[PDB]
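Heads up, the chain below is alone and in the form deposited in one PDB entry; it's given as C-alpha coordinates.
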(Lines give C-alpha, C1' and ligand atoms only; values in the text may rest on other atoms or scores of the structure.)
Protein backbone atom coordinates (compact mmCIF):
# COMPACT_ATOMS: atom_id res chain seq x y z
CA UNK A 1 0.00 0.00 0.00
CA UNK A 2 1.28 3.43 -0.96
CA UNK A 3 -0.95 6.08 0.57
CA UNK A 4 -0.62 9.66 -0.59
CA UNK A 5 -2.49 12.18 1.52
CA UNK A 6 -2.85 15.66 0.05
CA UNK A 7 -3.35 18.33 2.70
CA UNK A 8 -4.36 21.87 1.75
CA UNK A 9 -2.66 23.46 4.77
CA UNK A 10 -0.12 22.57 7.41
CA UNK A 11 -2.55 20.83 9.85
CA UNK A 12 -5.51 19.61 7.83
CA UNK A 13 -4.45 16.01 7.12
CA UNK A 14 -3.55 15.39 10.79
CA UNK A 15 -6.74 17.03 12.10
CA UNK A 16 -8.99 15.17 9.69
CA UNK A 17 -7.22 11.92 8.97
CA UNK A 18 -4.36 11.58 11.48
CA UNK A 19 -5.79 8.38 12.98
CA UNK A 20 -6.12 6.88 9.48
CA UNK A 21 -2.57 7.90 8.58
CA UNK A 22 -1.10 6.49 11.81
CA UNK A 23 -2.99 3.20 11.40
CA UNK A 24 -1.86 2.91 7.76
CA UNK A 25 1.77 3.35 8.85
CA UNK A 26 1.46 0.73 11.60
CA UNK A 27 -0.16 -1.66 9.11
CA UNK A 28 3.00 -1.34 6.97
CA UNK A 29 1.78 1.05 4.28
CA UNK A 30 4.18 3.57 2.73
CA UNK A 31 2.57 6.89 3.73
CA UNK A 32 3.42 10.33 2.39
CA UNK A 33 1.54 13.50 3.41
CA UNK A 34 2.00 16.23 0.83
CA UNK A 35 0.85 19.73 1.82
CA UNK A 36 -0.06 21.95 -1.12
CA UNK A 37 -0.12 25.40 0.46
CA UNK A 38 3.20 25.15 2.31
CA UNK A 39 5.05 27.57 0.02
CA UNK A 40 7.68 29.87 1.55
CA UNK A 41 6.50 33.42 2.15
CA UNK A 42 8.59 36.45 2.97
CA UNK A 43 7.74 40.00 4.06
CA UNK A 44 6.17 42.29 3.30
CA UNK A 45 3.01 40.60 4.59
CA UNK A 46 -0.50 41.98 4.25
CA UNK A 47 -2.22 43.40 7.35
CA UNK A 48 -4.47 40.30 7.25
CA UNK A 49 -1.45 37.94 7.24
CA UNK A 50 0.15 39.96 10.04
CA UNK A 51 -3.14 39.60 11.97
CA UNK A 52 -3.05 35.80 11.47
CA UNK A 53 0.61 35.68 12.53
CA UNK A 54 -0.33 37.36 15.83
CA UNK A 55 -3.24 34.90 16.35
CA UNK A 56 -0.72 32.11 15.68
CA UNK A 57 1.45 33.48 18.50
CA UNK A 58 4.12 34.89 16.21
CA UNK A 59 5.44 38.38 15.65
CA UNK A 60 3.75 40.09 12.65
CA UNK A 61 6.86 39.81 10.45
CA UNK A 62 8.01 36.32 11.55
CA UNK A 63 8.66 33.54 9.04
CA UNK A 64 5.35 31.88 9.83
CA UNK A 65 5.62 29.35 7.01
CA UNK A 66 8.92 28.09 8.48
CA UNK A 67 7.34 27.81 11.96
CA UNK A 68 4.36 25.93 10.58
CA UNK A 69 6.48 23.62 8.43
CA UNK A 70 8.42 22.64 11.56
CA UNK A 71 5.16 21.96 13.43
CA UNK A 72 3.97 19.83 10.49
CA UNK A 73 7.18 17.80 10.46
CA UNK A 74 6.87 17.24 14.22
CA UNK A 75 3.21 16.16 13.95
CA UNK A 76 3.82 13.81 11.01
CA UNK A 77 6.97 12.47 12.69
CA UNK A 78 4.71 11.69 15.65
CA UNK A 79 2.33 9.69 13.41
CA UNK A 80 5.47 8.05 11.94
CA UNK A 81 4.73 9.16 8.36
CA UNK A 82 6.69 11.11 5.71
CA UNK A 83 6.00 14.72 4.68
CA UNK A 84 6.45 16.76 1.55
CA UNK A 85 5.98 20.53 1.59
CA UNK A 86 4.58 22.09 -1.57
CA UNK A 87 5.38 25.44 -3.18
CA UNK A 88 1.96 27.17 -3.21
CA UNK A 89 1.26 30.22 -1.13
CA UNK A 90 -1.50 30.10 1.48
CA UNK A 91 -4.41 32.39 0.62
CA UNK A 92 -3.13 35.01 3.14
CA UNK A 93 0.04 35.50 1.09
CA UNK A 94 -1.32 35.45 -2.44
CA UNK A 95 -1.85 38.49 -4.64
CA UNK A 96 -4.38 39.14 -7.39
CA UNK A 97 -3.34 39.76 -10.98
CA UNK A 98 -3.94 43.51 -10.26
CA UNK A 99 -1.46 43.56 -7.35
CA UNK A 100 -3.99 43.67 -4.49
CA UNK A 101 -3.81 41.02 -1.78
CA UNK A 102 -6.20 38.12 -2.27
CA UNK A 103 -7.32 38.23 1.37
CA UNK A 104 -8.26 41.34 3.30
CA UNK A 105 -9.13 42.26 6.87
CA UNK A 106 -12.32 44.35 7.14
CA UNK A 107 -12.45 46.70 10.14
CA UNK A 108 -14.75 45.26 12.82
CA UNK A 109 -15.19 41.92 11.04
CA UNK A 110 -13.56 38.82 12.51
CA UNK A 111 -13.79 36.79 9.28
CA UNK A 112 -11.28 37.61 6.54
CA UNK A 113 -12.73 38.62 3.18
CA UNK A 114 -11.53 37.38 -0.20
CA UNK A 115 -11.18 39.96 -2.99
CA UNK A 116 -12.98 39.16 -6.20
CA UNK A 117 -10.77 37.94 -9.02
CA UNK A 118 -10.98 36.35 -12.46
CA UNK A 119 -12.25 32.86 -13.25
CA UNK A 120 -8.96 32.45 -15.18
CA UNK A 121 -6.82 33.08 -12.09
CA UNK A 122 -8.70 30.38 -10.13
CA UNK A 123 -8.46 27.93 -13.06
CA UNK A 124 -4.71 28.64 -13.39
CA UNK A 125 -4.01 27.94 -9.71
CA UNK A 126 -5.96 24.67 -9.74
CA UNK A 127 -4.10 23.73 -12.95
CA UNK A 128 -0.71 24.38 -11.33
CA UNK A 129 -1.60 22.36 -8.24
CA UNK A 130 -2.89 19.54 -10.48
CA UNK A 131 0.48 19.64 -12.36
CA UNK A 132 2.39 19.22 -9.09
CA UNK A 133 0.10 16.44 -7.89
CA UNK A 134 0.50 14.59 -11.21
CA UNK A 135 4.31 14.82 -10.74
CA UNK A 136 4.09 13.43 -7.19
CA UNK A 137 1.81 10.62 -8.41
CA UNK A 138 4.45 9.72 -11.02
CA UNK A 139 7.20 9.89 -8.40
CA UNK A 140 5.49 8.18 -5.42
CA UNK A 141 3.15 5.87 -7.39
CA UNK A 142 0.37 5.80 -4.78
CA UNK A 143 -2.19 2.99 -4.69
CA UNK A 144 -4.63 5.38 -2.97
CA UNK A 145 -4.89 9.15 -2.72
CA UNK A 146 -6.86 10.84 0.10
CA UNK A 147 -7.53 14.57 0.25
CA UNK A 148 -10.06 16.97 1.75
CA UNK A 149 -13.80 17.19 1.00
CA UNK A 150 -13.46 20.98 1.48
CA UNK A 151 -16.32 21.07 3.93
CA UNK A 152 -16.25 24.67 5.14
CA UNK A 153 -15.52 25.92 1.61
CA UNK A 154 -12.04 27.38 2.29
CA UNK A 155 -10.69 28.40 -1.15
CA UNK A 156 -7.41 26.58 -0.50
CA UNK A 157 -9.33 23.43 0.41
CA UNK A 158 -11.46 23.61 -2.69
CA UNK A 159 -8.39 24.19 -4.92
CA UNK A 160 -6.59 21.24 -3.32
CA UNK A 161 -9.58 18.91 -3.65
CA UNK A 162 -10.36 19.85 -7.22
CA UNK A 163 -6.72 19.60 -8.38
CA UNK A 164 -6.41 16.17 -6.69
CA UNK A 165 -9.61 15.04 -8.45
CA UNK A 166 -8.31 16.12 -11.86
CA UNK A 167 -4.86 14.64 -11.33
CA UNK A 168 -6.09 11.30 -9.95
CA UNK A 169 -8.70 11.04 -12.71
CA UNK A 170 -6.02 11.58 -15.39
CA UNK A 171 -3.59 9.16 -13.72
CA UNK A 172 -6.34 6.62 -12.91
CA UNK A 173 -5.62 6.33 -9.19
CA UNK A 174 -8.42 5.76 -6.62
CA UNK A 175 -9.23 8.82 -4.55
CA UNK A 176 -11.15 9.36 -1.31
CA UNK A 177 -12.05 12.57 0.52
CA UNK A 178 -11.89 13.00 4.28
CA UNK A 179 -14.39 14.93 6.32
CA UNK A 180 -12.59 18.25 7.07
CA UNK A 181 -12.10 18.69 10.81
CA UNK A 182 -12.92 20.67 12.88
CA UNK A 183 -14.97 22.33 10.06
CA UNK A 184 -17.51 19.49 9.84
CA UNK A 185 -18.46 20.10 13.49
CA UNK A 186 -20.04 23.39 12.44
CA UNK A 187 -21.03 22.82 8.77
CA UNK A 188 -23.78 20.76 7.07
CA UNK A 189 -21.34 18.41 5.33
CA UNK A 190 -22.66 18.74 1.78
CA UNK A 191 -20.12 19.74 -0.88
CA UNK A 192 -20.28 20.61 -4.57
CA UNK A 193 -17.70 18.67 -6.60
CA UNK A 194 -16.45 19.51 -10.12
CA UNK A 195 -18.70 18.25 -12.90
CA UNK A 196 -18.30 14.52 -13.56
CA UNK A 197 -17.42 13.51 -10.00
CA UNK A 198 -19.58 12.31 -7.10
CA UNK A 199 -19.18 10.79 -3.67
CA UNK A 200 -19.89 7.14 -3.00
CA UNK A 201 -21.10 5.79 0.32
CA UNK A 202 -19.33 7.01 3.47
CA UNK A 203 -16.99 4.85 5.46
CA UNK A 204 -16.73 5.65 9.14
CA UNK A 205 -13.54 4.09 10.42
CA UNK A 206 -13.15 2.40 13.77
CA UNK A 207 -9.76 3.32 15.17
CA UNK A 208 -8.09 1.74 18.19
CA UNK A 209 -7.78 4.03 21.23
CA UNK A 210 -3.98 4.10 20.71
CA UNK A 211 -4.52 5.65 17.28
CA UNK A 212 -6.86 8.29 18.66
CA UNK A 213 -4.27 9.11 21.29
CA UNK A 214 -1.51 9.31 18.69
CA UNK A 215 -3.63 11.56 16.45
CA UNK A 216 -4.53 13.94 19.29
CA UNK A 217 -0.89 14.12 20.41
CA UNK A 218 0.13 14.88 16.82
CA UNK A 219 -2.50 17.63 16.62
CA UNK A 220 -0.85 19.28 19.64
CA UNK A 221 2.39 19.67 17.70
CA UNK A 222 0.60 22.42 15.75
CA UNK A 223 1.17 24.93 18.55
CA UNK A 224 0.37 27.92 16.36
CA UNK A 225 -3.08 26.52 15.64
CA UNK A 226 -4.14 25.46 19.14
CA UNK A 227 -5.71 28.70 20.47
CA UNK A 228 -7.57 29.10 17.16
CA UNK A 229 -8.76 25.47 17.05
CA UNK A 230 -9.66 25.21 20.75
CA UNK A 231 -11.98 28.23 20.64
CA UNK A 232 -13.42 30.06 23.64
CA UNK A 233 -14.21 26.73 25.32
CA UNK A 234 -10.78 25.02 25.11
CA UNK A 235 -12.64 22.00 23.81
CA UNK A 236 -11.23 20.86 20.45
CA UNK A 237 -10.67 17.26 21.44
CA UNK A 238 -14.05 17.08 23.20
CA UNK A 239 -15.73 18.29 20.01
CA UNK A 240 -13.79 15.84 17.84
CA UNK A 241 -14.67 13.00 20.24
CA UNK A 242 -18.35 13.95 20.24
CA UNK A 243 -18.40 14.17 16.45
CA UNK A 244 -16.87 10.70 16.19
CA UNK A 245 -19.33 9.38 18.81
CA UNK A 246 -22.32 10.74 16.81
CA UNK A 247 -21.21 8.81 13.72
CA UNK A 248 -20.54 5.61 15.67
CA UNK A 249 -22.58 5.46 18.94
CA UNK A 250 -21.63 1.76 19.23
CA UNK A 251 -17.97 2.42 18.44
CA UNK A 252 -14.86 4.21 19.54
CA UNK A 253 -13.05 6.92 17.64
CA UNK A 254 -13.23 7.16 13.87
CA UNK A 255 -12.94 9.32 10.78
CA UNK A 256 -15.43 9.70 7.94
CA UNK A 257 -14.21 9.35 4.33
CA UNK A 258 -15.98 8.95 0.97
CA UNK A 259 -14.73 7.46 -2.30
CA UNK A 260 -14.93 9.79 -5.30
CA UNK A 261 -16.30 8.08 -8.37
CA UNK A 262 -17.38 9.23 -11.82
CA UNK A 263 -20.96 10.39 -12.22
CA UNK A 264 -23.30 8.43 -14.48
CA UNK A 265 -23.19 9.77 -18.09
CA UNK A 266 -19.80 11.40 -17.54
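Numbering follows the first chain given and starts at 1.
For the cut-off of one third of the other compared entries, residue 54 stays well clear, since all of them model it along with its flanks. Coverage remark for residue 108: absent from the model in at least one third of the other entries compared whose chains are built on both sides.
Once the C-alpha B-factors are averaged per stretch, 7-15 and 239-247 rank with 239-247 first. Looking at 69-77 and 135-143 together, the entry lists the larger mean B-factor for 135-143, computed on C-alpha atoms. Highest C-alpha temperature factor among 128, 170, 179, 158 per the entry: 170. Set against one another, the Cα B-factors of 33, 36, 49, 211 in the record reach their highest point at 211. Per-chain ranking of the deposited C-alpha B factor places residue 183 in the middle third. Sort the modelled residues of the chain by CA B factor and residue 86 lands in the lowest third. Ranked by Cα temperature factor within the chain, residue 98 sits in the highest third according to the deposited record. In the deposited entry, the Cα temperature factor of residue 114 sits in the top third of values across the chain's modelled residues. In this PDB entry, residue 124 carries a Cα temperature factor that places it within the middle third of its chain's modelled residues.
Quick note: we don't show the form deposited with a partner chain bound, though the next part is all about it.
Judged by heavy atoms within 4.5 Å of the partner chain in the bound PDB entry, the contact stretch among the candidates 190-198, 78-86, 145-153, 161-169 is 145-153. Contact between residue 183 and the partner chain in the bound PDB entry is found at the 4.5 Å heavy atom cutoff. Taking the partner from elsewhere, residue 73 is found to have every heavy atom lying beyond 4.5 Å of the partner chain in the bound PDB entry. Among heavy atoms of residue 123, none comes within 4.5 Å of the partner chain in the bound PDB entry. Mapping the unseen interface onto this chain, residue 110 counts among the residues with a heavy atom inside 4.5 Å of the partner chain in the bound PDB entry.
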